[PDB]
>>> print(open('work07.csv').read())   # CSV, C-alpha atoms
chain,number,residue,atom,x,y,z
A,1,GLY,CA,-2.6,-58.7,-52.4
A,2,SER,CA,-1.0,-62.1,-52.0
A,3,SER,CA,0.9,-63.8,-54.7
A,4,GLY,CA,-0.6,-63.2,-58.2
A,5,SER,CA,0.1,-61.7,-61.6
A,6,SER,CA,2.4,-58.7,-61.3
A,7,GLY,CA,1.7,-55.6,-63.3
A,8,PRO,CA,3.7,-52.6,-64.4
A,9,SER,CA,6.3,-51.2,-62.0
A,10,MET,CA,5.8,-47.8,-60.4
A,11,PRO,CA,5.4,-45.2,-63.1
A,12,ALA,CA,6.7,-41.7,-63.0
A,13,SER,CA,4.5,-39.1,-61.4
A,14,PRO,CA,2.3,-37.1,-63.9
A,15,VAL,CA,3.7,-33.7,-64.9
A,16,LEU,CA,1.8,-30.6,-65.8
A,17,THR,CA,2.6,-29.4,-69.3
A,18,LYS,CA,-0.1,-26.7,-69.4
A,19,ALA,CA,-2.4,-25.7,-66.6
A,20,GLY,CA,-5.7,-24.2,-67.7
A,21,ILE,CA,-8.6,-22.8,-65.8
A,22,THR,CA,-11.1,-25.6,-66.4
A,23,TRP,CA,-8.7,-28.2,-67.7
A,24,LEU,CA,-5.3,-29.6,-66.9
A,25,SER,CA,-2.9,-31.1,-69.3
A,26,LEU,CA,-0.9,-33.8,-67.5
A,27,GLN,CA,2.0,-35.8,-68.9
A,28,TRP,CA,3.3,-39.2,-67.7
A,29,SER,CA,5.7,-41.7,-69.1
A,30,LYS,CA,6.0,-45.5,-69.0
A,31,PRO,CA,8.1,-47.3,-66.4
A,32,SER,CA,11.6,-48.6,-66.9
A,33,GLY,CA,12.1,-52.0,-68.4
A,34,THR,CA,8.5,-52.9,-69.2
A,35,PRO,CA,7.2,-56.4,-68.5
A,36,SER,CA,5.5,-57.1,-71.9
A,37,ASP,CA,2.8,-56.1,-74.3
A,38,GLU,CA,3.6,-52.9,-76.3
A,39,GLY,CA,1.9,-49.7,-75.4
A,40,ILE,CA,0.9,-49.5,-71.7
A,41,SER,CA,-2.2,-47.9,-70.2
A,42,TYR,CA,-2.4,-45.5,-67.2
A,43,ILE,CA,-5.4,-44.4,-65.2
A,44,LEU,CA,-5.3,-40.8,-64.0
A,45,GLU,CA,-6.7,-40.5,-60.5
A,46,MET,CA,-7.6,-37.5,-58.5
A,47,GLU,CA,-8.8,-36.8,-55.0
A,48,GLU,CA,-10.3,-33.5,-54.0
A,49,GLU,CA,-14.0,-33.6,-53.0
A,50,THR,CA,-14.7,-36.5,-50.7
A,51,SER,CA,-13.8,-36.4,-47.0
A,52,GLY,CA,-10.7,-38.6,-47.0
A,53,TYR,CA,-12.5,-41.4,-48.8
A,54,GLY,CA,-10.3,-42.4,-51.7
A,55,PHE,CA,-9.1,-41.4,-55.1
A,56,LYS,CA,-11.4,-41.8,-58.1
A,57,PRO,CA,-10.5,-42.7,-61.7
A,58,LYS,CA,-10.8,-40.0,-64.4
A,59,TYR,CA,-8.9,-41.2,-67.4
A,60,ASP,CA,-8.6,-44.8,-68.7
A,61,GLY,CA,-6.8,-45.1,-72.0
A,62,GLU,CA,-3.5,-46.1,-73.6
A,63,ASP,CA,-2.0,-42.7,-74.0
A,64,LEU,CA,0.9,-41.1,-72.1
A,65,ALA,CA,-1.0,-37.8,-71.9
A,66,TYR,CA,-4.5,-36.6,-71.2
A,67,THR,CA,-6.4,-33.3,-70.9
A,68,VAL,CA,-8.4,-33.2,-67.7
A,69,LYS,CA,-11.7,-31.4,-67.9
A,70,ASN,CA,-14.5,-30.2,-65.6
A,71,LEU,CA,-12.4,-28.2,-63.1
A,72,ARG,CA,-12.7,-25.0,-61.1
A,73,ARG,CA,-10.9,-21.7,-61.7
A,74,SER,CA,-8.1,-20.9,-59.3
A,75,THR,CA,-8.2,-24.2,-57.6
A,76,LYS,CA,-5.8,-26.9,-56.5
A,77,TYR,CA,-6.2,-30.6,-57.2
A,78,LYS,CA,-4.2,-33.8,-56.7
A,79,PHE,CA,-3.3,-36.4,-59.3
A,80,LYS,CA,-1.5,-39.7,-59.5
A,81,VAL,CA,-0.6,-41.8,-62.5
A,82,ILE,CA,-1.7,-45.4,-62.2
A,83,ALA,CA,-0.3,-47.9,-64.6
A,84,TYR,CA,-2.4,-51.1,-65.2
A,85,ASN,CA,-2.7,-53.9,-67.6
A,86,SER,CA,-5.6,-55.7,-69.2
A,87,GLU,CA,-4.7,-58.4,-66.6
A,88,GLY,CA,-4.8,-56.1,-63.6
A,89,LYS,CA,-3.4,-52.9,-62.0
A,90,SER,CA,-0.4,-52.0,-60.0
A,91,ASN,CA,0.4,-49.5,-57.2
A,92,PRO,CA,-0.2,-45.7,-57.8
A,93,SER,CA,2.6,-43.2,-58.4
A,94,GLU,CA,3.6,-40.2,-56.4
A,95,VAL,CA,0.8,-37.8,-55.6
A,96,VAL,CA,1.5,-34.5,-57.4
A,97,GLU,CA,-0.4,-31.3,-57.1
A,98,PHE,CA,-1.3,-28.5,-59.5
A,99,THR,CA,-3.2,-25.3,-59.8
A,100,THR,CA,-5.4,-23.6,-62.4
A,101,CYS,CA,-5.5,-20.1,-63.8
A,102,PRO,CA,-8.0,-17.4,-62.7
A,103,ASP,CA,-11.4,-16.8,-64.2
A,104,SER,CA,-13.7,-14.6,-62.1
A,105,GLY,CA,-16.5,-15.2,-64.6
A,106,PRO,CA,-19.8,-13.3,-64.2
A,107,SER,CA,-20.3,-14.5,-60.7
A,108,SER,CA,-23.3,-12.2,-60.2
A,109,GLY,CA,-26.5,-13.1,-61.9
>>> encode(input="work07.csv", output="structure tokens")
Amino acid sequence: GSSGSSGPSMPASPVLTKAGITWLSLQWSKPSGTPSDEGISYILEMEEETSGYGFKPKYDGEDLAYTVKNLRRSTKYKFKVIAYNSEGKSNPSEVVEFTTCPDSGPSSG
């Protein structure tokens, strides 16, 4: 905290274009009236494993969309878009929730 270099304002929560079984296609946009530097980056976070420890980074690129991978069938997960700059990062966005499709798989074996 404390005075320092400000980053990108609060971005819009990540949407869910298509919800797969072992993948999740989220969609986020840039904040209003950007500070500077064309094309912003956003880190997709997710919390659903640790015992109230903290969110972990999943994606780290300069795209306003990503295809999550390594998931579980018929499962719920949290996700929050985090906009950051090569200089630093800002506060996370609203925590959204999504579900996946069924699978069943073989199970037995």
>>> atom_distance(input="work07.csv", atom1="CA of residue 39 (chain A)", atom2="CA of residue 17 (chain A)")
21.2 Å
>>> residues_near_point(input="work07.csv", point="(4.0, -59.5, -64.8)", cutoff="8 Å", atoms="all atoms listed in the file", output="PyMOL selection string")
chain A and resi 5-8+35-36
>>> closest_residue(input="work07.csv", among="A:2, A:13, A:41, A:51", to="residue 87 (chain A)", atoms="only C-alpha atoms")
A:41
>>> atom_distance(input="work07.csv", atom1="CA of residue 63 (chain A)", atom2="CA of residue 79 (chain A)")
16.0 Å
>>> closest_residue(input="work07.csv", among="A:93, A:104, A:73, A:83", to="residue 19 (chain A)", atoms="all atoms listed in the file")
A:73
>>> atom_distance(input="work07.csv", atom1="CA of residue 72 (chain A)", atom2="CA of residue 12 (chain A)")
25.7 Å
>>> residues_near_point(input="work07.csv", point="(-10.0, -45.0, -59.1)", cutoff="10 Å", atoms="only C-alpha atoms", output="MDAnalysis selection string")
chainID A and resid 43:47 54:60 82 92
>>> residues_around(input="work07.csv", residues="residue 70 (chain A)", least_positions_apart="6", cutoff="10 Å", atoms="all atoms listed in the file", output="list in words")
residues 21, 22, 23 and 24 of chain A
>>> closest_residue(input="work07.csv", among="A:68, A:40, A:81, A:101", to="residue 14 (chain A)", atoms="all atoms listed in the file")
A:81
>>> closest_residue(input="work07.csv", among="A:11, A:106, A:4, A:32", to="residue 88 (chain A)", atoms="all atoms listed in the file")
A:4
>>> residues_around(input="work07.csv", residues="residue 48 (chain A)", least_positions_apart="2", cutoff="8 Å", atoms="all atoms listed in the file", output="list in words")
residues 46, 50, 77 and 78 of chain A
>>> closest_residue(input="work07.csv", among="A:90, A:3, A:67, A:74", to="residue 42 (chain A)", atoms="only C-alpha atoms")
A:90
>>> residues_around(input="work07.csv", residues="residue 65 (chain A)", least_positions_apart="3", cutoff="7 Å", atoms="only C-alpha atoms", output="list in words")
residues 26, 27 and 28 of chain A
>>> closest_residue(input="work07.csv", among="A:80, A:107, A:29, A:37", to="residue 94 (chain A)", atoms="only C-alpha atoms")
A:80
>>> decode(input="work07.csv", residues="region 28-62 of chain A", atoms="N, CA, C and O atoms", output="PDB file, in the first residue's frame")
ATOM      1  N   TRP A  28     -13.382 -10.974 -20.155  1.00  0.00           N
ATOM      2  CA  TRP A  28     -13.300  -9.744 -19.388  1.00  0.00           C
ATOM      3  C   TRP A  28     -12.932  -8.612 -20.349  1.00  0.00           C
ATOM      4  O   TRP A  28     -12.432  -8.861 -21.445  1.00  0.00           O
ATOM      5  N   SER A  29     -13.192  -7.391 -19.904  1.00  0.00           N
ATOM      6  CA  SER A  29     -12.895  -6.220 -20.711  1.00  0.00           C
ATOM      7  C   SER A  29     -11.988  -5.265 -19.933  1.00  0.00           C
ATOM      8  O   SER A  29     -11.768  -5.449 -18.737  1.00  0.00           O
ATOM      9  N   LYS A  30     -11.486  -4.266 -20.643  1.00  0.00           N
ATOM     10  CA  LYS A  30     -10.608  -3.282 -20.034  1.00  0.00           C
ATOM     11  C   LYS A  30     -11.447  -2.271 -19.251  1.00  0.00           C
ATOM     12  O   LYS A  30     -12.649  -2.147 -19.478  1.00  0.00           O
ATOM     13  N   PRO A  31     -10.763  -1.555 -18.318  1.00  0.00           N
ATOM     14  CA  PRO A  31     -11.433  -0.559 -17.499  1.00  0.00           C
ATOM     15  C   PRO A  31     -11.727   0.707 -18.307  1.00  0.00           C
ATOM     16  O   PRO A  31     -11.218   0.873 -19.414  1.00  0.00           O
ATOM     17  N   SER A  32     -12.546   1.567 -17.721  1.00  0.00           N
ATOM     18  CA  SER A  32     -12.913   2.814 -18.371  1.00  0.00           C
ATOM     19  C   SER A  32     -11.760   3.813 -18.276  1.00  0.00           C
ATOM     20  O   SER A  32     -11.040   3.844 -17.278  1.00  0.00           O
ATOM     21  N   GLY A  33     -11.618   4.608 -19.327  1.00  0.00           N
ATOM     22  CA  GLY A  33     -10.564   5.607 -19.373  1.00  0.00           C
ATOM     23  C   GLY A  33      -9.253   5.047 -18.820  1.00  0.00           C
ATOM     24  O   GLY A  33      -8.904   5.295 -17.667  1.00  0.00           O
ATOM     25  N   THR A  34      -8.560   4.300 -19.668  1.00  0.00           N
ATOM     26  CA  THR A  34      -7.295   3.702 -19.279  1.00  0.00           C
ATOM     27  C   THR A  34      -6.271   4.789 -18.946  1.00  0.00           C
ATOM     28  O   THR A  34      -6.416   5.935 -19.371  1.00  0.00           O
ATOM     29  N   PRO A  35      -5.232   4.382 -18.169  1.00  0.00           N
ATOM     30  CA  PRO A  35      -4.184   5.309 -17.775  1.00  0.00           C
ATOM     31  C   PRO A  35      -3.241   5.600 -18.944  1.00  0.00           C
ATOM     32  O   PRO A  35      -3.124   6.744 -19.381  1.00  0.00           O
ATOM     33  N   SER A  36      -2.593   4.546 -19.417  1.00  0.00           N
ATOM     34  CA  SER A  36      -1.664   4.674 -20.526  1.00  0.00           C
ATOM     35  C   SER A  36      -1.197   3.290 -20.981  1.00  0.00           C
ATOM     36  O   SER A  36      -1.554   2.281 -20.375  1.00  0.00           O
ATOM     37  N   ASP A  37      -0.407   3.287 -22.045  1.00  0.00           N
ATOM     38  CA  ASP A  37       0.113   2.043 -22.586  1.00  0.00           C
ATOM     39  C   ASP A  37      -1.039   1.232 -23.184  1.00  0.00           C
ATOM     40  O   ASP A  37      -1.883   0.716 -22.453  1.00  0.00           O
ATOM     41  N   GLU A  38      -1.037   1.144 -24.505  1.00  0.00           N
ATOM     42  CA  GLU A  38      -2.071   0.405 -25.209  1.00  0.00           C
ATOM     43  C   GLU A  38      -2.031  -1.072 -24.811  1.00  0.00           C
ATOM     44  O   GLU A  38      -0.996  -1.573 -24.372  1.00  0.00           O
ATOM     45  N   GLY A  39      -3.170  -1.728 -24.977  1.00  0.00           N
ATOM     46  CA  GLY A  39      -3.279  -3.138 -24.641  1.00  0.00           C
ATOM     47  C   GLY A  39      -2.876  -3.386 -23.185  1.00  0.00           C
ATOM     48  O   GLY A  39      -1.702  -3.279 -22.835  1.00  0.00           O
ATOM     49  N   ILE A  40      -3.873  -3.713 -22.376  1.00  0.00           N
ATOM     50  CA  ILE A  40      -3.639  -3.978 -20.967  1.00  0.00           C
ATOM     51  C   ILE A  40      -3.638  -5.490 -20.730  1.00  0.00           C
ATOM     52  O   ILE A  40      -4.122  -6.253 -21.565  1.00  0.00           O
ATOM     53  N   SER A  41      -3.088  -5.877 -19.588  1.00  0.00           N
ATOM     54  CA  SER A  41      -3.018  -7.284 -19.231  1.00  0.00           C
ATOM     55  C   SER A  41      -3.859  -7.548 -17.981  1.00  0.00           C
ATOM     56  O   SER A  41      -4.027  -6.664 -17.143  1.00  0.00           O
ATOM     57  N   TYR A  42      -4.365  -8.770 -17.895  1.00  0.00           N
ATOM     58  CA  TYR A  42      -5.184  -9.162 -16.761  1.00  0.00           C
ATOM     59  C   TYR A  42      -4.860 -10.589 -16.317  1.00  0.00           C
ATOM     60  O   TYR A  42      -4.745 -11.490 -17.147  1.00  0.00           O
ATOM     61  N   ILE A  43      -4.720 -10.752 -15.009  1.00  0.00           N
ATOM     62  CA  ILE A  43      -4.411 -12.055 -14.445  1.00  0.00           C
ATOM     63  C   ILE A  43      -5.690 -12.682 -13.890  1.00  0.00           C
ATOM     64  O   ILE A  43      -6.322 -12.124 -12.995  1.00  0.00           O
ATOM     65  N   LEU A  44      -6.035 -13.836 -14.444  1.00  0.00           N
ATOM     66  CA  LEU A  44      -7.228 -14.546 -14.014  1.00  0.00           C
ATOM     67  C   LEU A  44      -6.904 -15.374 -12.770  1.00  0.00           C
ATOM     68  O   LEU A  44      -6.074 -16.282 -12.822  1.00  0.00           O
ATOM     69  N   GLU A  45      -7.574 -15.033 -11.679  1.00  0.00           N
ATOM     70  CA  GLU A  45      -7.367 -15.734 -10.423  1.00  0.00           C
ATOM     71  C   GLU A  45      -8.512 -16.715 -10.169  1.00  0.00           C
ATOM     72  O   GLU A  45      -9.556 -16.638 -10.814  1.00  0.00           O
ATOM     73  N   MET A  46      -8.278 -17.617  -9.226  1.00  0.00           N
ATOM     74  CA  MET A  46      -9.277 -18.612  -8.878  1.00  0.00           C
ATOM     75  C   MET A  46      -8.970 -19.246  -7.519  1.00  0.00           C
ATOM     76  O   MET A  46      -7.827 -19.608  -7.242  1.00  0.00           O
ATOM     77  N   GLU A  47     -10.011 -19.359  -6.707  1.00  0.00           N
ATOM     78  CA  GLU A  47      -9.867 -19.943  -5.384  1.00  0.00           C
ATOM     79  C   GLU A  47     -10.901 -21.051  -5.176  1.00  0.00           C
ATOM     80  O   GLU A  47     -12.104 -20.796  -5.206  1.00  0.00           O
ATOM     81  N   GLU A  48     -10.395 -22.258  -4.971  1.00  0.00           N
ATOM     82  CA  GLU A  48     -11.259 -23.407  -4.760  1.00  0.00           C
ATOM     83  C   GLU A  48     -10.423 -24.671  -4.555  1.00  0.00           C
ATOM     84  O   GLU A  48     -10.415 -25.558  -5.408  1.00  0.00           O
ATOM     85  N   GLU A  49      -9.738 -24.713  -3.422  1.00  0.00           N
ATOM     86  CA  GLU A  49      -8.900 -25.854  -3.096  1.00  0.00           C
ATOM     87  C   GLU A  49      -8.307 -25.694  -1.695  1.00  0.00           C
ATOM     88  O   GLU A  49      -8.459 -26.573  -0.847  1.00  0.00           O
ATOM     89  N   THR A  50      -7.643 -24.564  -1.494  1.00  0.00           N
ATOM     90  CA  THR A  50      -7.026 -24.278  -0.210  1.00  0.00           C
ATOM     91  C   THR A  50      -8.091 -23.897   0.820  1.00  0.00           C
ATOM     92  O   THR A  50      -9.183 -23.461   0.457  1.00  0.00           O
ATOM     93  N   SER A  51      -7.737 -24.074   2.084  1.00  0.00           N
ATOM     94  CA  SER A  51      -8.648 -23.754   3.170  1.00  0.00           C
ATOM     95  C   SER A  51      -8.545 -22.268   3.519  1.00  0.00           C
ATOM     96  O   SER A  51      -7.771 -21.885   4.396  1.00  0.00           O
ATOM     97  N   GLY A  52      -9.335 -21.471   2.815  1.00  0.00           N
ATOM     98  CA  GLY A  52      -9.342 -20.035   3.039  1.00  0.00           C
ATOM     99  C   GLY A  52      -7.919 -19.497   3.193  1.00  0.00           C
ATOM    100  O   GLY A  52      -7.585 -18.894   4.212  1.00  0.00           O
ATOM    101  N   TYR A  53      -7.117 -19.733   2.165  1.00  0.00           N
ATOM    102  CA  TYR A  53      -5.737 -19.280   2.172  1.00  0.00           C
ATOM    103  C   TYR A  53      -5.567 -18.025   1.314  1.00  0.00           C
ATOM    104  O   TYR A  53      -5.048 -17.013   1.783  1.00  0.00           O
ATOM    105  N   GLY A  54      -6.014 -18.131   0.071  1.00  0.00           N
ATOM    106  CA  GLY A  54      -5.919 -17.017  -0.856  1.00  0.00           C
ATOM    107  C   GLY A  54      -6.036 -17.498  -2.303  1.00  0.00           C
ATOM    108  O   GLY A  54      -5.859 -18.682  -2.585  1.00  0.00           O
ATOM    109  N   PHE A  55      -6.335 -16.554  -3.185  1.00  0.00           N
ATOM    110  CA  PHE A  55      -6.478 -16.867  -4.596  1.00  0.00           C
ATOM    111  C   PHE A  55      -5.112 -17.047  -5.260  1.00  0.00           C
ATOM    112  O   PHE A  55      -4.125 -16.456  -4.826  1.00  0.00           O
ATOM    113  N   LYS A  56      -5.097 -17.867  -6.300  1.00  0.00           N
ATOM    114  CA  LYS A  56      -3.869 -18.133  -7.027  1.00  0.00           C
ATOM    115  C   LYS A  56      -4.054 -17.740  -8.495  1.00  0.00           C
ATOM    116  O   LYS A  56      -5.157 -17.832  -9.031  1.00  0.00           O
ATOM    117  N   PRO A  57      -2.928 -17.300  -9.118  1.00  0.00           N
ATOM    118  CA  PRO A  57      -2.956 -16.893 -10.512  1.00  0.00           C
ATOM    119  C   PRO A  57      -3.034 -18.109 -11.438  1.00  0.00           C
ATOM    120  O   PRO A  57      -2.453 -19.154 -11.146  1.00  0.00           O
ATOM    121  N   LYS A  58      -3.756 -17.934 -12.534  1.00  0.00           N
ATOM    122  CA  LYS A  58      -3.919 -19.004 -13.503  1.00  0.00           C
ATOM    123  C   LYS A  58      -3.418 -18.529 -14.869  1.00  0.00           C
ATOM    124  O   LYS A  58      -2.586 -19.188 -15.492  1.00  0.00           O
ATOM    125  N   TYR A  59      -3.944 -17.391 -15.293  1.00  0.00           N
ATOM    126  CA  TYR A  59      -3.561 -16.820 -16.574  1.00  0.00           C
ATOM    127  C   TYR A  59      -2.813 -15.499 -16.383  1.00  0.00           C
ATOM    128  O   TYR A  59      -3.114 -14.738 -15.466  1.00  0.00           O
ATOM    129  N   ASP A  60      -1.851 -15.268 -17.266  1.00  0.00           N
ATOM    130  CA  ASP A  60      -1.057 -14.052 -17.206  1.00  0.00           C
ATOM    131  C   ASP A  60      -0.627 -13.660 -18.621  1.00  0.00           C
ATOM    132  O   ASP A  60       0.478 -13.986 -19.051  1.00  0.00           O
ATOM    133  N   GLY A  61      -1.524 -12.966 -19.306  1.00  0.00           N
ATOM    134  CA  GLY A  61      -1.250 -12.525 -20.663  1.00  0.00           C
ATOM    135  C   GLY A  61      -1.842 -11.137 -20.919  1.00  0.00           C
ATOM    136  O   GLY A  61      -2.227 -10.440 -19.981  1.00  0.00           O
ATOM    137  N   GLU A  62      -1.897 -10.778 -22.194  1.00  0.00           N
ATOM    138  CA  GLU A  62      -2.435  -9.486 -22.584  1.00  0.00           C
ATOM    139  C   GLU A  62      -3.656  -9.671 -23.488  1.00  0.00           C
ATOM    140  O   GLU A  62      -3.803  -8.971 -24.489  1.00  0.00           O
TER     141      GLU A  62
END
